[PDB]
Amino acid sequence: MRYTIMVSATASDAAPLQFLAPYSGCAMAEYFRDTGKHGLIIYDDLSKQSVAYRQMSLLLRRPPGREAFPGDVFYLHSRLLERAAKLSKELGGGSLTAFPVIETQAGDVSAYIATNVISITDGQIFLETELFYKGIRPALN
Amino acid sequence: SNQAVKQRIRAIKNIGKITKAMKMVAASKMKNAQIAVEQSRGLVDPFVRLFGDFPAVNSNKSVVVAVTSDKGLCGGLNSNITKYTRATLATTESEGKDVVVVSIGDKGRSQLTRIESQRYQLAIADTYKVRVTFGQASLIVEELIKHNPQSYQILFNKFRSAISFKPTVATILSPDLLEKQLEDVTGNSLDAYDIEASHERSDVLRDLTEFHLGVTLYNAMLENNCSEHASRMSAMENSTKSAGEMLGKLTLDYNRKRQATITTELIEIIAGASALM
C-alpha cells in the first residue's frame, strides 16, 4: 500500500462514477509518468466500465449498437489506454503500464468489448477456464 | 441465419445418439462373441506344439491371408493389419517368393489392392453376416488348397481384452513340402510320435495341416470379429465425445445468436418508435 493508489467505484455506485473511475485513476498514475517515475495501472473489469457507460448512453437515449453499446465505446477505452505510454527522454523518460481486465462469457473472445480492447492493447494474457479447473494456476493459455 | 445453426444442433444431437447406440450395440456384441473366442482358443495350441511355430521360412510359394472386417466403423483396425501385412510380406520376402494375397472381409479388398494388387488373388466377404462356423472356415480353407503353397500366412487381430488388440501372424506349413523339413533335427523331432493312421505319415500330415489351416482360420476370423466389436466400441465412444464437444460449441454459438437476435429485433423496434415520438 506504500506504493499503491486504490481507486474504487463499486457495484452500488452510480454508473457515471464507474465510467469515470478509470480516467480518475489514470490521471493519478499519469503523475508518475509525467515526472520520470514509472506507473502501473490495473483496470479491473474494464468490461464493467463499458456496461456503466452503456447505461449512461441508453439513459441519454443515444442509439442501441452491436451489443446495445453506444458505438463510441471503442473511444471510451482507446482514449483511456492510449495514455499508458513510454515517454521519450525529453519528456522525462517516464512510463505507465496498463493492465486492463476483460471478463469473457464462456470463453467467447469474439465479443464486442473483448475485441475492442484487443485491438487497443499490445498483447493479451488469456486465462483459460479449463486449465483453471485442472489446477494449472495461473491458467495461461 | 438462426435456423441454419439450429438445424445443425438437430444433426449433432442425433449423431451423438446414433454413435452411442453403436457403442453399446458393439459392446453387447463384444461379450456374446467372447463366449465363442476363448472356446475356440483351445483347438489352436495342440497344433502349435506339434508343428511348432515357423514364421520365418523361405518357402517357394506362400498364401498370405489378411482377415479384415465387413463393416467399417472399426477405427483403423482394417488398416493396422494392412500395414502389418506388408511388414510381414517383406520380412519373409527373401529369395523371390511367390505370394498369393487373400483378404477375408470386404474391407480387405479395398485396402490390399492399394498396397499389393498384382499378387492378390482371392476375396472372401460376407462372413460375419450370420455367424462364423468351422464348416464355413473349412470351405474358406479348402479354397486355399486349390493353390498349393509351401506356407500359409494368417494376419489377424488377437482379441486380448477390450483395450488391446495385438496383430498376429500364424503360420501353417504344407505337410512334407516344407513342414517335415523344418522339424528335421539330427534325425527328426517328428519321429518321436507313433503314427496310428490308415496310410503313411506323408498323407496323415496332408490331413493334419489342412486341419491345422482350418482351425487357425476359424480362430482368426473369430478373434478378429471380437476385436472388431471392441475397436468399434472405442471408436463410437470417441465420436460421442466429438459429437458432444461439437454440440457444446454449437449451443454456445446458438445462445450467442439467440441473445444477439433479441437485441437486434429490439433496436429495430425502438428506432421505429423514436422516429415517431
Side-chain angles (χ1 to χ4, degrees), chain A residues 15 18-19 45-77 101-119 124 126-136 139-141, chain B residues 1-20 23 75 162-164 233-277:
Chain A
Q18 310 180 22
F19 143 81
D45 284 325
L46 217 52
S47 56
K48 284 183 183 187
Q49 196 246 343
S50 53
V51 163
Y53 185 64
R54 171 169 70 179
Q55 181 188 319
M56 307 157 53
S57 292
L58 287 161
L59 290 176
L60 281 167
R61 307 200 76 88
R62 305 229 169 103
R66 142 160 322 264
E67 242 137 90
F69 283 103
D72 72 305
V73 77
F74 173 79
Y75 180 53
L76 177 72
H77 290 156
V101 175
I102 286 286
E103 170 144 311
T104 284
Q105 292 301 129
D108 170 50
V109 76
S110 71
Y112 191 30
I113 307 299
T115 43
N116 278 346
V117 187
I118 286 170
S119 65
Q124 299 97 56
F126 274 90
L127 291 183
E128 183 146 52
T129 175
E130 295 71 18
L131 303 193
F132 201 76
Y133 193 62
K134 294 163 182 175
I136 306 173
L140 183 71
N141 197 332
Chain B
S1 44
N2 216 17
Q3 279 296 310
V5 76
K6 199 54 188 175
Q7 75 175 1
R8 207 168 191 271
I9 311 177
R10 293 289 91 191
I12 311 298
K13 199 160 298 179
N14 59 70
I15 291 178
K17 289 308 176 187
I18 281 169
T19 51
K20 211 185 188 177
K23 174 181 168 275
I163 306 153
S164 62
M233 181 189 55
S234 67
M236 293 298 110
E237 83 169 325
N238 265 321
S239 61
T240 57
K241 273 313 279 173
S242 299
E245 288 205 59
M246 183 169 311
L247 194 78
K249 297 172 178 62
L250 208 61
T251 316
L252 293 182
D253 193 58
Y254 168 69
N255 281 151
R256 281 195 297 265
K257 292 177 174 301
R258 179 202 66 92
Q259 289 180 223
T261 200
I262 298 168
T263 309
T264 293
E265 291 290 328
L266 189 50
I267 291 168
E268 288 177 344
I269 279 143
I270 304 151
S274 297
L276 302 171
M277 290 178 289

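Here is the naming used below: chain letters follow the sequence lines, and residue numbers restart at 1 for every chain.
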Enquirer: Return the CG to CD1 distance between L58(A) and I270(B), rounded to the nearest 0.5 Å.
Expert: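 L58(A) atom CG to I270(B) atom CD1 measures 8.0 Å (nearest 0.5 Å).
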Enquirer: Using a cut-off of 6.0 Å, state whether more than 12 heavy atoms not belonging to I269(B) lie near its atom CD1.
Expert: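 Buried by this count: over 12 neighbours within 6.0 Å.
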Enquirer: With a 4.5 angstrom heavy-atom cut-off, is it the side chain or the backbone of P64(A) that approaches chain B, or both, or neither?
Expert: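 Contact with chain B is through both the backbone and side chain of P64(A).
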Enquirer: For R8(B), does the CZ atom sit with more than 12 other heavy atoms under 6.0 Å from it, leaving out its own atoms?
Expert: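 No - once you tally the heavy atoms of other residues, nucleotides and ligands closer than 6.0 Å, there are 12 at most.
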Enquirer: Near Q3(B) CD, under 6.0 Å, is it more than 12 heavy atoms from other residues, nucleotides or ligands?
Expert: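 12 or below, so no.
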Enquirer: Kindly give the heavy-atom pair with the smallest separation between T263(B) and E67(A), and that separation in Å.
Expert: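 Heavy atoms of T263(B) and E67(A) come nearest at CG2-C, 4.3 Å.
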Enquirer: Which residues pass the salt bridge (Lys or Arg N to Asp or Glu O under 4.0 Å) test with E103(A), sequence neighbours left out?
Expert: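 Applying salt bridge (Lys or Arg N to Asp or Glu O under 4.0 Å) to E103(A) gives none.
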